[PDB]
Amino acid sequence: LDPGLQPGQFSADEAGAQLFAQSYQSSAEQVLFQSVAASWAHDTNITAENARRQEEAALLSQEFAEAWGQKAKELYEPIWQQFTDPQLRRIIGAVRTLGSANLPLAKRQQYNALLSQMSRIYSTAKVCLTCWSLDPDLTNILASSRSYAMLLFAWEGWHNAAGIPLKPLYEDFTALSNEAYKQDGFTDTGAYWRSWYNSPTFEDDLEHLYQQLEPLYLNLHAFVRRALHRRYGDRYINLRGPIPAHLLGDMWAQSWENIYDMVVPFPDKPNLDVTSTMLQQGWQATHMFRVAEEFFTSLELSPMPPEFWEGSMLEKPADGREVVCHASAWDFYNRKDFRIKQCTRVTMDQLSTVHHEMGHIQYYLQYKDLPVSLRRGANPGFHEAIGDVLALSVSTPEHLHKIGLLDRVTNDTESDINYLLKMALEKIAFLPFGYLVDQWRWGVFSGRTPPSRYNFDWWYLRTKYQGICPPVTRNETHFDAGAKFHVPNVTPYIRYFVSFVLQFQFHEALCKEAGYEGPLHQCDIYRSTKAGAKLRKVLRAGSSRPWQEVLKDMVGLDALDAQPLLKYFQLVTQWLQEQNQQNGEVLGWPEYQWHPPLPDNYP
Ligand SMILES: C[C@H](N[C@H](C(=O)O)[C@@H]1CCCN1C(=O)c1ccc(C(=O)O)cc1)C(=O)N1CCC[C@H]1C(=O)O
Ligand SMILES: *[C@@H]1O[C@H](CO[C@@H]2O[C@@H](C)[C@@H](O)[C@@H](O)[C@@H]2O)[C@@H](O)[C@H](O)[C@H]1NC(C)=O
Ligand SMILES: *[C@@H]1O[C@H](CO)[C@@H](O)[C@H](O)[C@H]1NC(C)=O
Ligand SMILES: *[C@@H]1O[C@H](CO)[C@@H](O)[C@H](O)[C@H]1NC(C)=O
Ligand SMILES: [Cl-]
Ligand SMILES: [Zn+2]
């Protein structure tokens, strides 16, 4: 580690800790910059060489964390809990948690290489018998094929190709991660991840929110199951069991918008999926991003800077190079460079993802003046909610009409139910998977889920929460969790469950602040400068204040609350109950052990 990046002398009291924190944050910018730069170079161009480079940057980061976290331990380990400035307490708390820097060199190197190699296996896996990659080929199959056998072939081929080889690596990663966080005083990695919410009743509150949301999911599930039954027959669909996991329009069954054209109740009304309009008008990736940007600027938030347009990767490179195609947002920590890396396809749900990633960028633009350690969302759920809120407005039929993507819709109940149902497929169907992924990973970190039970515990939670089953037999050689991006990429997941609830609370508050007075699901905050000022206050805070206070200021309440969500979907919730009652559906899947048979002559 460059001497210039090592800590100097500081007094062992609050005033010395303020100086300590300023010199920490100053040198941390350069180290963060070189790390994110090496990751960028790798993720947009996966090679052994770029992997070695990102591992070197990781090692430097770890030496930095060690030098500074040990100094904080030496100076402030006694007293930092007594510091009367709450923000300093937080900055210093964070510095004295060293994470992987608690590891010796040889372990550091093995942790870093584990992360590289897991990343490479996920993003370079392919399904053969020419070869299909996850994005766009398998994604497009899952989304649009209505052939049971072709859907099974992609689902099984992806899970085998990604999950199987990941499993030995994931086990080693888990043990090293846990050894690292345990020396900071956490029971395991999961406990460190949960600490970000600064909330003694975190797990209980989540459980409580889930209980309010579950009836909405169960009604949605049974209505969808009924449509799949008409489309695949009694042999492949059990009206009282879990739904086969490959039939819901997405590799993970994590949101169901892609099968809207199979379940829309009034398919003679104007199609609320504008994909084919975007293709007929000639939309490209760049127009997607420019349309998202203009929404943000209509709110008087910032435009994307030049460095964003010059640096971002907005489409999959044609030049025979391996990339991480999963969409992501990037802050280089230099207050200048911010980019998105997305293999953008022209579809309406991609337009959604574009707003999602740009919400991350906007956050970065809004807090780039803060000292580095405050450059985070108020909690990780806030960072995930920002672009989702704008996408709630963008998706509304009125707004799509404003942007030339739909010829105005008559404002009838049929149009309303069509729209709310499509929104339910996107948001409500996600809720169980958002909740369950970290329940799985917290169990693995805690040791409750050893490697000999990774797949058993995974499908337990998949069936418990989503009510799906694997369409082929799985065993413990399979590692189905590892075929989901965020697992080999070690990105925590509970943020997304938090987000999908928080976004409705934000939306409600923003619509009120824009003076809108219609049904909440028909609000569009476009061009509202007062909504934009209330949003801006959140983004500019970063993590400088507890999320519970930030939320109080914004929404009038200091806790997550499912009510705004329930209010947004109220009409479809009622309609769905009525449909299911009329059809005599059983809610849930009392036939928990059922699996579909294989198709004849598979494969
Ligand atoms: C496509 C969307 N992609 C993710 C994302 O944006 O979240 C990507 C990959 C995981 C993290 N991520 C970031 O881009 C990101 C970058 C930085 C930070 C930070 O500064 O802390 C946070 C996130 C997503 O997975 N999603 C969207 C909602 C559901 C979830 C999924 O598809 O499984
Ligand atoms: C749409 O109409 C609303 C009043 O009508 C109610 O909702 C519509 C969708 C019909 O289903 C009708 O039977 C309902 O009673 C107004 O509140 C609303 O502001 C209108 N929205 C817009 C944007 O025009
Ligand atoms: C990808 O990085 C490697 C270095 O390993 C090299 O082939 C080349 O510089 C890069 N390709 C592009 C297009 O940047
Ligand atoms: C798991 O399933 C595959 C394919 O059905 C099979 O080849 C393999 O034997 C299994 N692993 C174990 C331990 O059975
Ligand atoms: Cl999180
Ligand atoms: Zn995100």
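The residues of the chain are indexed from 1 along the displayed sequence. Atom set for the values below is all heavy atoms of this structure, side chains included, hydrogens, waters and symmetry mates excluded.
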Scan for salt bridge (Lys or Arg N to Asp or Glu O under 4.0 Å) pairs involving residues 473-486, sequence neighbours excluded, and state none if there are none. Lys167-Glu476, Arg474-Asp480
Does any non-hydrogen side-chain atom of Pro305 lie less than 4.5 Å from one of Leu365? yes
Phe289: which residues meet the ring pair (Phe, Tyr, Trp, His ring centres under 6.0 Å) condition with it, sequence neighbours left out? none
All pairs passing side chain to side chain donor-acceptor pair (under 3.5 Å) where residues 139-148 contributes a residue, at least two apart: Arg146-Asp261
Checking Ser61 against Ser35: is there a side-chain donor and acceptor pair closer than 3.5 Å? no
Can you give me the closest heavy-atom contact between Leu216 and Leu565, atom names plus distance? CD2-CD2, 3.9 Å
How far apart are the C-alpha atoms of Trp283 and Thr275, what are their side-chain angles, what is the distance that settles it, and do they pass the side chain to side chain contact (heavy atoms under 4.5 Å, CB included) test? CA-CA 10 Å; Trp283 288 64; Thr275 295; over 6 Å; no
Partners of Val490 by side chain to side chain contact (heavy atoms under 4.5 Å, CB included), sequence neighbours excluded? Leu115, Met118, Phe173, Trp193
Walk me through whether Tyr170 and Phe479 qualify under side chain to side chain contact (heavy atoms under 4.5 Å, CB included). CA-CA 10 Å; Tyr170 198 80; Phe479 176 40; 3.6 Å; yes
Point-to-point distance, once rounded to the nearest 0.5 Å, from CD of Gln281 to CD1 of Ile403: 9.0 Å
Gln439 CD to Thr449 OG1 distance, which is reported to the nearest 0.5 Å: 10.5 Å
So, taking the atom named CE in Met423 and the one named CZ in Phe569, what distance separates them when rounded to the nearest 0.5 Å? 6.0 Å
Check: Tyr192 ring centroid to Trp196 ring centroid under 6.0 Å: yes
With sequence neighbours excluded, tell me which residues meet ring pair (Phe, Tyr, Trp, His ring centres under 6.0 Å) with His486. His326, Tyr493, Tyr496
Residues in ring pair (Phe, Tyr, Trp, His ring centres under 6.0 Å) contact with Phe500, at least two apart in sequence or another chain: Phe430
N/O donor-acceptor pairs under 3.5 Å from side chains in residues 123-131, not counting sequence neighbours:
{"from": "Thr124", "atom 1": "OG1", "to": "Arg120", "atom 2": "O", "distance (Å)": "2.8"}
{"from": "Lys126", "atom 1": "NZ", "to": "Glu322", "atom 2": "OE1", "distance (Å)": "3.4"}

What's the verdict on ring-ring contact (aromatic ring centres under 6.0 Å, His included) for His159 and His478, showing C-alpha distance, side-chain angles and the deciding distance? CA-CA 8 Å; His159 287 73; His478 307 116; 9.5 Å; no
Who passes side chain to side chain contact (heavy atoms under 4.5 Å, CB included) against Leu59, sequence neighbours left out? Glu56, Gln62, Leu105, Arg108, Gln109, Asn112
For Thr353 and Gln342, test the side chains for any donor-to-acceptor distance below 3.5 angstrom and give the result as yes or no. no
Enumerate the residue pairs fulfilling salt bridge (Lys or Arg N to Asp or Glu O under 4.0 Å) with a member in residues 380-399, sequence neighbours excluded, ordered by first and then second residue. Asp388-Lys427
Verify side chain to side chain contact (heavy atoms under 4.5 Å, CB included) between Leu248 and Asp250, making sure each step is shown before the conclusion. CA-CA 6 Å; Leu248 294 148; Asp250 174 273; 5.9 Å; no
Could you report the tightest heavy-atom contact between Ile141 and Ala154, atom names first, then the distance? CG2-CB, 3.8 Å
Give the ring-plane orientation class for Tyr210 versus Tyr435, where under 30° counts as parallel, over 60° as perpendicular and anything between as tilted. parallel
Verify the distance criterion only: is there a donor paired with an acceptor across the side chains of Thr396 and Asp524 at less than 3.5 Å? no
Mind running ring-ring contact (aromatic ring centres under 6.0 Å, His included) on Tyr122 and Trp158 for me, showing each step along the way? CA-CA 10 Å; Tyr122 178 86; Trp158 176 243; 5.3 Å; yes
Take the angle between the ring planes of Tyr217 and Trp589 and call it parallel below 30°, perpendicular above 60°, tilted in between. perpendicular
Does the side chain of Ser395 pick up a donor-acceptor pair with the side chain of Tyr419 at under 3.5 Å? yes
CA sep, side-chain torsions, deciding dist, call: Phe308, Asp337, side chain to side chain contact (heavy atoms under 4.5 Å, CB included): CA-CA 7 Å; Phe308 170 96; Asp337 294 279; over 6 Å; no
Salt bridge flag under 4.0 Å for residues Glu55 and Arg52: no
Taking the six-membered ring for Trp, are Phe295 and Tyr526 parallel (under 30°), tilted (30 to 60°) or perpendicular (over 60°)? tilted
For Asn601, is the CG atom crowded, meaning more than 12 foreign heavy atoms sit under 6.0 Å from it? no
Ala385: side chain to side chain contact (heavy atoms under 4.5 Å, CB included) partners, not counting sequence neighbours: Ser499, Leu502, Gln503, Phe506
How many angstroms lie between CG in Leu152 and CG in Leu598, if you round to the nearest 0.5 Å? 7.0 Å
Please check: side-chain N/O of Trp252 versus main-chain N/O of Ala245, any donor-acceptor pairing under 3.5 Å? no
Closest non-hydrogen atom pair between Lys316 and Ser133, with its separation: NZ-OG, 3.8 Å
One should read off an interatomic distance between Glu357 CD and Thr344 OG1, to the nearest 0.5 angstrom, of 9.5 Å
Tell me, please, which residues at least two apart from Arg53 pass side chain to side chain contact (heavy atoms under 4.5 Å, CB included). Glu49, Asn50
Where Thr47 and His42 come nearest, the two heavy atoms and their spacing: O-CD2, 3.9 Å
For the pair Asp135 and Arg345, evaluate salt bridge (charged side-chain N to carboxylate O under 4.0 Å, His left out) and give the outcome as yes or no after the intermediate values. CA-CA 9 Å; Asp135 175 356; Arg345 291 176 281 100; 3.5 Å; yes
List the steps and the verdict of side chain to side chain donor-acceptor pair (under 3.5 Å) for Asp43 and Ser39. CA-CA 6 Å; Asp43 290 6; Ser39 294; 5.8 Å; no
Atom CD of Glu214 and atom CD1 of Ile428: how far apart are they, to the nearest 0.5 Å? 13.0 Å
Got a salt bridge between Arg194 and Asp438, using NZ or NE/NH1/NH2 to carboxylate O under 4.0 Å? no
Suppose we call two aromatic rings close when their centres sit under 6.0 Å apart. Are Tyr460 and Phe456 close by that rule? no
Verify the distance criterion only: is there a donor paired with an acceptor across the side chains of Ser255 and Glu257 at less than 3.5 Å? yes
For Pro242 and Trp594, work out which heavy atoms get closest and say how close. O-CZ3, 3.2 Å
Do the side chains of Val263 and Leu425 get nearer than 4.5 Å, heavy atoms only? yes
For residues 139-178, which residue pairs pass the disulfide bond (SG atoms under 2.5 Å apart) check, not counting sequence neighbours? none
Looking at the rings of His383 and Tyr364, which for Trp means the six-membered one, are their centres under 6.0 Å apart? yes
